[PDB]
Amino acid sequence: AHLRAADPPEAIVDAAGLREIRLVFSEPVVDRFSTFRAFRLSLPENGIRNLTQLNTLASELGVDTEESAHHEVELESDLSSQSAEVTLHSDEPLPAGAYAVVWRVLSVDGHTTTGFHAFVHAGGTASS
């Protein structure tokens, strides 16, 4: 499988009120065996200067990351579109910050893949 589509995209977005992340894969995702988590990333003193730097940080996290050593976003996932689309619904609106979603997916073809998708939320839980 591979990721076809993700919203928010890999971008600095405003999106005040954001409370969901959507991923669309190229194949149906098998339930149970596929898992999804997201993190609010700690930015280094004086920040990051492009999304390449953000991607480097995000690439080190995974589904077996330890929650107490990081800042996990609590969320609930559901499968749709004959299980090719995954919607991650956050408990409350996401504040501003840099975020990564990480996964391990077993696809209908029987292969397991891992990956991540990262973005910068420049809006807050509500409109300025």
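Start at 1 and count along the sequence shown; that's the residue number.
The PDB entry reports B-factors from which the mean C-alpha value can be compared for 42 to 50 and 26 to 34; the larger average falls on 26 to 34.
Taking the PDB entry as given, 81 to 89 carries the higher mean Cα B factor of the two stretches 81 to 89 and 68 to 76. When the Cα B-factors of 98, 57, 94, 101 are read from the PDB record, 57 comes out highest.
Reading the B-factor column for the CA atoms of 126, 122, 6, 1 in the entry, the top value corresponds to 1.
Sort the chain's modelled residues by C-alpha temperature factor and residue 110 lands in the highest third, per the entry.
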